[PDB]
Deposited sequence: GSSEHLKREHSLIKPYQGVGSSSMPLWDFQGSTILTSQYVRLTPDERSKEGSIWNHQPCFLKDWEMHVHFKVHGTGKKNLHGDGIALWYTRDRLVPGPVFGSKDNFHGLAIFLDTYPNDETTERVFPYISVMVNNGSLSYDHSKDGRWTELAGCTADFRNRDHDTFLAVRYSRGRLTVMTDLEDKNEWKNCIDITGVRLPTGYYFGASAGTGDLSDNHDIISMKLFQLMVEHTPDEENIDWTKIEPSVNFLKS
């Protein structure tokens, strides 16, 4: 149930050949045969990669093989990666290399605590749903708009690191595989998440005074076979909340 057209898999399609590429590469992104480097380990970069077509699956699960790694000493690295399922695509900006006031879903892999009064241990993975009205407060690591999150040790690991994002029937689940255990450990599991079909998958990274290599190695999108019993492209991104 792999959907190849919404995936990035080695050998990358159209790279070193006449075949149709499936992704657009934007900003500081460096394309090599063995990784897509959203930013090099250099300051003040914004790079992204965006699926060349929109996704109309109602129920899906994206697996991302990524690598964040750099030569910054002690805590002097940043800023992280965002994964996107959004109305718009290709616009750079302050939100891990991509535009603010976005429409849809963001999954942030934040590696630098901008918030001087933070309670979190970094890196910190969180999710945000936006109808266009919200601005991600980068200076505060998105504190005001975070729906859920978990600390996650993903930098400079000696083995492969993966993230899974599952969306089906209003349930959004983010899982990690960072500890070389060939298993999905839960990070976030929330319900009442409303997203339309017809949005774009993408990934972006950003660096400022602090930097890191932010690599995407592969992205594999799976269609979930889930029963349904409305115009799904017109659903406004939103979240419904269980009452107290």
**Asked** Since the structure holds only modelled residues, which stretches of the deposited sequence does it leave out?
**Response** 1-4, 234-238
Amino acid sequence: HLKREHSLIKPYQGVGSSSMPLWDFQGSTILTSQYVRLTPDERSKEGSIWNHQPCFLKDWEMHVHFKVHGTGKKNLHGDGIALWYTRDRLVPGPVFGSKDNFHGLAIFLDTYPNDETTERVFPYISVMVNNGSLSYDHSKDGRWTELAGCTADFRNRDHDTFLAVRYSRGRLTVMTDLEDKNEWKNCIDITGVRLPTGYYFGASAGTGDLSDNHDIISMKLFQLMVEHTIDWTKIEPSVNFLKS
From here on, numbers count along this sequence of modelled residues.
**Prompt:** Which has the higher mean CA temperature factor in the PDB entry, 53-61 or 24-32?
**Reply:** 53-61
**Item:** 82-90 versus 118-126 - greater average Cα B-factor per the deposited record
**Value:** 118-126
**Complete:** In this crystal structure's PDB entry, the residue among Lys99, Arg166, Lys140, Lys73 with the greatest CA B factor is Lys73
**Asked** Per the entry, which of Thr111, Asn131, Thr173, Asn156 tops the list for Cα B factor?
**Response** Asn156
**Item:** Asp180, C-alpha B-factor rank within chain (lowest, middle or highest third)
**Value:** highest
